[PDB]
Amino acid sequence: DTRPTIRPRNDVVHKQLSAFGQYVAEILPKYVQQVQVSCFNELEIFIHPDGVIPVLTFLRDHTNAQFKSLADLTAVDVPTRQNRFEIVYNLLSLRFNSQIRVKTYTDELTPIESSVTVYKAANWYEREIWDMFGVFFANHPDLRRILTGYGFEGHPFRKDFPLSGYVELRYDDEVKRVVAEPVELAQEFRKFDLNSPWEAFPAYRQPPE
Amino acid sequence: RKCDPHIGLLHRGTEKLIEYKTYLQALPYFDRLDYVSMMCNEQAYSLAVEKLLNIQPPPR
Amino acid sequence: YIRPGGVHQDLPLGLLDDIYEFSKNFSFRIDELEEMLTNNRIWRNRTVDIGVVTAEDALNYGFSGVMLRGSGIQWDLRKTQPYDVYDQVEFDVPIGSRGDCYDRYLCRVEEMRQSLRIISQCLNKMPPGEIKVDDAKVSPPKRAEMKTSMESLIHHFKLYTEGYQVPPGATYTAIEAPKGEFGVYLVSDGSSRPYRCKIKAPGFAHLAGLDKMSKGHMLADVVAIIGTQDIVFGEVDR
Amino acid sequence: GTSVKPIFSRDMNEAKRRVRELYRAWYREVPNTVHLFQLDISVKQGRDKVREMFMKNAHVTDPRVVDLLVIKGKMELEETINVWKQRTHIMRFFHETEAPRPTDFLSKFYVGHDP
Amino acid sequence: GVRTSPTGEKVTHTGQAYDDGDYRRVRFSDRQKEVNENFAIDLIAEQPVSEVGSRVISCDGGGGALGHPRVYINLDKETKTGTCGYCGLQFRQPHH
Amino acid sequence: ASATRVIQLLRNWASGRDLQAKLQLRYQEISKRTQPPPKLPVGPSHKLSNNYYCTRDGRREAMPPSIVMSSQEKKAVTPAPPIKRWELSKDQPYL
Amino acid sequence: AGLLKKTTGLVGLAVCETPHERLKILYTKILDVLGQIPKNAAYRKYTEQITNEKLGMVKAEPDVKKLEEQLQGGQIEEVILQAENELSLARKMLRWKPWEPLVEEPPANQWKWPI
Amino acid sequence: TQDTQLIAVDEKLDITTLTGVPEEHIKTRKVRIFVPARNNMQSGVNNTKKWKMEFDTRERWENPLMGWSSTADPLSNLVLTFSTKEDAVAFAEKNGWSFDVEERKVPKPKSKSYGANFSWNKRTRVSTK
Amino acid sequence: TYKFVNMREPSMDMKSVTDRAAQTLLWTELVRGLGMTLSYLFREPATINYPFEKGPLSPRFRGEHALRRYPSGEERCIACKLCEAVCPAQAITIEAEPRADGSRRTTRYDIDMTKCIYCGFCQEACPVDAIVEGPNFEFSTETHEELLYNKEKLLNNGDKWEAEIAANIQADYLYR
Amino acid sequence: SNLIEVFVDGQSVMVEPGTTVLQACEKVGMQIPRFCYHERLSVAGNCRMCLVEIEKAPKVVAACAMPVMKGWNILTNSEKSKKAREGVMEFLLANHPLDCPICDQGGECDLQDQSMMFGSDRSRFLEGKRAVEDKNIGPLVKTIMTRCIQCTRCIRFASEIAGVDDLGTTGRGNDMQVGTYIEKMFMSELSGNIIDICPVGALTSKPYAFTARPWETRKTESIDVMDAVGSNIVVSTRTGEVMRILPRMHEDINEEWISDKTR
Ligand code: SF4
Ligand code: SF4
Ligand code: SF4
Ligand code: SF4
Ligand code: FES
Ligand SMILES: [K+]
Ligand SMILES: [Zn+2]
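Protein chains in written order, with the working numbering: chain A, 1 to 209; chain B, 1 to 60; chain C, 1 to 238; chain D, 1 to 115; chain E, 1 to 96; chain F, 1 to 95; chain G, 1 to 115; chain H, 1 to 129; chain I, 1 to 176; chain J, 1 to 263.
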């Protein structure tokens, strides 16, 4: 690189992924709403909520995809979107050493039928997406709590949920049992507003709205 | 017959507080994530963050 | 130590020498273990043919690292997708062919030796140069430059209070952490702080597969399979 | 906008149908739970308490909210009978360690400057 | 230096002083209240006033790399000996 | 090191190898803890000649994801060439 | 071809002693089920492209050892396994039928990160 | 168009009962909304573009030992970000919080000039440049 | 590149099986374990005699914090306020005021030892290198209150370990 | 109607004739970096940070005082525009004193923020910095004139907005000392607002001096009660008390200035 400071880019993978992005797009014009290949050679397949089985089964068993490695499933709670939750699958191909990202919008009540049949790895990887966020997964073997406390109330990763939560424990000599009380902190979280009032990088700027 | 590995007995905010700590402040979290592989976690974080910044570290 | 943009500091003078002395003597210590356990019947019978998995279930279960390589799956992040300088070094990935507890154990001890190979190569080919990027907007300026140059002081000030603002987007980066595939997926909102960070914990998938492991095995073998699954709960519990 | 997905129930009838046997199950479980968990509270207290949390949310209209919270309320009765929770996890529902919070306007005014 | 309060209660450089009752002082008895006998204000005041004959003087504070960020304090106000903000050393200049 | 020769044969014979060649602990071989002061290098873009930040803008050179198909005769391709079967180990293929 | 290799190096996946004709009869089967899906379909055109073409030399070249690099997809014993997976997909998307336009356009600007 | 045994619910959407914000933290929180006001000594305006979800500040008492800001308001240190306000209001309905808004203070367009600083009859002539 | 780790081809000659039968019948491999472990029995231990001898450390070590001061005696901290901003545990809490002289320093530098992480960001934060971690690590205690530090406690520790940390940053500031 | 058409970095936008380059920029959302121009305080044109190259231009135009006409594409992100920004910003920063850890503007300084976005990452200075003797124009506002960048925003504010002529820039060349020359006392009822207009720590509030920092101070919106005008103001609260009061943006009530008593 002539400029060693900035990270070199790989264009060869860029259109090759872009070619594969159109590829999967033409097979399913019913499901694939949006395909996007980012600057860092990462491809994203935006699908409809009821596409968890079809496209994943497509990516898992296709001759030209063979994406059978379920990397992770994550939600991105975005309050300003009418669909707050954004379930994100990550897929990995052993044969083509590439990565696949598919995202589905979902509301709180609207369920997502479980992808356990496609990948059995998602069995445990839904018990926390129901825990942290509260998105319910339909026709799933078990939705048990494995991160939150036994009988804990709420979905902590939701951004309407406080960092300190609501309940704090303490052993009580009156009852010989640790019990919960409303949280009161020794010191409150001194929040910092670090968003500079002067505009950042103009590339990703939103259009005049 | 069956075994249920009830996890959670060490569950922490981690990702929850990362939403409130800056990138530099969030770096020590990964050291405590896979606490036996100290430097390898930060490798993942630094590789990720510098990828978004489109900045590559010097060869040294 | 490992910070975005390189490393925080440079090594103390002579540190490469002492680690070189350790590297020379360490291979003996690996031989020490193999002598102790590898041929011992008691260790094998508590480990061989225990917790075996097929290649397809291991891959479908989301496993990574040794959990796949032990079952014969031909895959390794450093080789297939070489991050950092891992491309300019050769190492022999220890692929097993049984998938039971024993194969992973031999896979690990060979990975110990193959790790020692990396130390030797990077030691004989350690290049000179700076330790962080030459961009104060993401790398704090040198302490000497801090106390003499204004732009260093401003950039140091804004970096330690506001921090660098990361361009918006999403990225799931992947490295082969000795557990397995430790990946971090973060979404940047365009501010100076992360918006949401999800981490791919190799133990999470592995602990998820612990059910299929324990099928048809002794209770005194559940401890054995738990041991080889390289689970640390700080990692699996996030 | 109005048209939406029935996660389990078309109408509040089958939503109220769902709450019934789970209410039946929750009322059947009380004598055994207190027995093996080794508590001091009375069986009726569990019954009148199992009554309690059924009512503070007995005002919704969307059949998704009720039936999603049905599987939510589904999700402790098995968590109890398989002794997964601790004693501290169901006396938590019997909130008892705290002082009784103030109800009259004068009492809040006396305690502090917080509605 | 350090002063003494009516309750003894050796005052700190900040000026904290528990009152007569001040029930929080019960933590102090049977223990000792940690006081830094060296007070910042009166260990810089007696320091000699430097005499440098120039309008602009660098104020790195000794060991430029190891000191404090170097400032370029002005020395023209003959009423008040110009001092570095970081250092606190009072630089005066002889008769312009 | 301290250890007399007769002990050394006992350790060497029991373990089947010589151990005085390399030992678990340390000795005089370590670098002294008072190494001379270093002279760390300068940055590649530390030059006071043409060095405008308009050239290196890693954060600013980033581009939002490229639009390729949006909701609002063909060939068959793959996201990458299929992997290459790596050969066995040259130093020691069969352990 | 040659001597039947003892193991594939992947536990669980065994060695099929008659691989060439099994790969043949699989490839016809996916061609057969691909008859149902109408011509205008893109998925049909894609796999009608790589089936017969990959059915070509497996019909012509009988040496599975050379068949390894003919398909550049690893060992034949899992290529047929992958061929089975393609057959599973043909059965699966014979229900999915994704050739219709989108079920729904994305509600307003739910995309367009950042917010 | 989404024919998976369709149902229609005209009740205004709320999730307060299953989200689980406690009873004294749902009705006793006067949640207000505004566009964040720019700090007046910062000419940059890349802060007056979003909407927030701030709450009402509660009692903040100093810790007896070392003078903290010990506070029993769990919801105090949370602000959300909303692109427009109709999505912001929608969040209020689903969580059923107390409501009040504040319209954007858009800049009235100041007709600037440079020749006005040197006029012949108008007093807009500047006294210093 | 790669290599196999368990491909064993046990030769079926009358020779090797006799060795295999010898291995199982006479516990040869187990005897190796005895002879192996016996070898280290006759070797010296590497057990440091604490506290008569400590472990080996480095000049960059991070331990108990201690606010330092200039050779004149004035405190280094200048209400810089960067330290808590970069501190990822918010243990630092600092409030400044006007001072009588005008060198308006802080009244409070309470850092909670049960909150801090010994991050190392503290020294990198303030340009006047006011707060640093001393090499001490034996500052254990029995009551949680003592671990809660305050401006007097740090400054006292700075006056205590001043002889040590001054040389530590003397031999390490070139790296920094 | 008469709204002249003009392009900005591409996209075209109609605009009232006589509008300067800036005032067309924020119509699409462009905030060109500025130091000497305030939207409700005259036009200075001296900072030269607003300098943006225009299409076909052989010279970068001063965007503040340049009236735009037909079809003038604003090359905002163009290389030479950012080149002009880089040069001019390091010139302003040349003689600036290293006071950020001790300057109250730290964390909310326009000179600090823009150098992060539109600025270099290292220094090329190898000389001695200029030092300006401090002044004293009140116990309500501090004067550290070495931090001044001579944006002249203070003197204009006094001349028109405050209606008092007591501020100016004595000297010549680098000795551009802005103040009152003679010893004077800046008593106006709107005097406290020169703290907010100043982009640097040149003038800061003595009562607030060395008490808090911008990142830690929580902000709340309230009203002024010290006068019947009822000015909208933002209250700074941190650790559970109030430190400083800032005027809010309300063109009908207070614009962005408040009385000294309220501040
Ligand atoms: S200790 Fe350092 S960072 Fe903290 S206020 Fe003092 S100078 Fe600033
Ligand atoms: S002690 Fe550690 S955690 Fe606390 S502020 Fe210093 S570096 Fe951060
Ligand atoms: S004016 Fe800004 S850049 Fe200058 S010292 Fe003050 S805060 Fe730092
Ligand atoms: S003192 Fe402040 S307002 Fe006045 S000219 Fe200088 S920078 Fe501008
Ligand atoms: S805005 Fe044109 S020079 Fe300040
Ligand atoms: K100012
Ligand atoms: Zn100084």
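We put the beta carbon where it would ideally sit given N, CA and C, even for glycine.
Chain F beta carbons: is any one of them nearer than 7 Å to that of residue i?
i, result
"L53 of chain B", "yes"
"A163 of chain I", "no"
"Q49 of chain G", "yes"
"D92 of chain C", "yes"
Going along chain C in order, which residues have a C-beta closer than 8 Å to the C-beta of residue i?
i, result
"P38 of chain F", "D10, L13"
Can you tell me whether DSSP reads residue i as helix, strand or coil?
i, result
"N232 of chain J", "strand"
"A96 of chain I", "strand"
"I18 of chain B", "helix"
"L33 of chain B", "coil"
"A57 of chain J", "coil"
"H65 of chain I", "strand"
How would you list, in chain order, the residues of chain H whose beta-carbon sits under 8 Å from the beta-carbon of residue i?
i, result
"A186 of chain A", "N63, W68, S70"
List the residues of chain H whose Cβ lies closer than 9 Å to the Cβ of residue i, in chain order.
i, result
"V4 of chain D", "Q2, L6, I7, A8, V9"
"residue 118 of chain D", "The question about residue 118 of chain D has no answer here: the residues shown for chain D are numbered 1 through 115."
For chain B, is any of its Cβ atoms less than 7 Å away from the one on residue i?
i, result
"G70 of chain C", "no"
Output, in chain order, the set of chain A residues within a Cβ distance shorter than 8 Å of residue i.
i, result
"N46 of chain H", "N195, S196, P197, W198, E199, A200"
"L39 of chain D", "Residues of chain A passing the Cβ test: none, with the nearest at roughly 11 Å."
Which chain D residues are close to residue i, counting only those with a beta carbon under 8 Å from its beta carbon?
i, result
"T28 of chain H", "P115"
Compare the C-beta of residue i against all C-beta atoms of chain D and say whether one is closer than 7 Å.
i, result
"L18 of chain H", "yes"
Say whether chain J places a C-beta atom closer than 7 Å to the C-beta of residue i.
i, result
"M41 of chain H", "yes"
"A85 of chain I", "yes"
With 7 Å set as the bound, which would you pick, yes or no: does the beta-carbon of residue i sit closer than that to a beta-carbon of chain A?
i, result
"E100 of chain G", "yes"
"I15 of chain H", "yes"
What does the alpha-carbon distance come out to for the pair residue i and residue j?
i, j, result
"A21 of chain I", "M36 of chain C", "20 Å"
"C87 of chain E", "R69 of chain I", "10 Å"
"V4 of chain D", "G96 of chain C", "52 Å"
"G62 of chain E", "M132 of chain A", "54 Å"
"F4 of chain I", "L106 of chain C", "10 Å"
Residue i CB to nearest chain C CB: under 7 Å?
i, result
"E29 of chain F", "yes"
"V11 of chain G", "yes"
"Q20 of chain F", "no"
Listing by chain order, which chain J residues have their CB less than 7 Å from the CB of residue i?
i, result
"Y52 of chain F", "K83, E86"
Going along chain I, which residues have a C-beta under 7 Å from residue i?
i, result
"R190 of chain A", "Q90"
Any C-beta of chain I sitting closer than 7 Å to the C-beta of residue i?
i, result
"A17 of chain E", "no"
Is the Cβ of residue i closer than 7 Å to any Cβ of chain G?
i, result
"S89 of chain F", "no"
Below 6 Å from a heavy atom of ligand 1 - residues by beta-carbon: I:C77, I:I78, I:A79, I:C80, I:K81, I:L82, I:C83, I:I94, I:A125, I:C126, I:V128, I:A130, I:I131, J:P101
Check your reading: residues with Cβ closer than 6 Å to ligand 7 heavy atoms: E:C59, E:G61, E:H68, E:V71, E:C84, E:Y86, E:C87
Pocket of ligand 3 (residues with CB nearer than 6 Å to any heavy atom), chain order: C:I154, J:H96, J:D99, J:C100, J:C103, J:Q105, J:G106, J:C109, J:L111, J:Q112, J:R147, J:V200, J:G201
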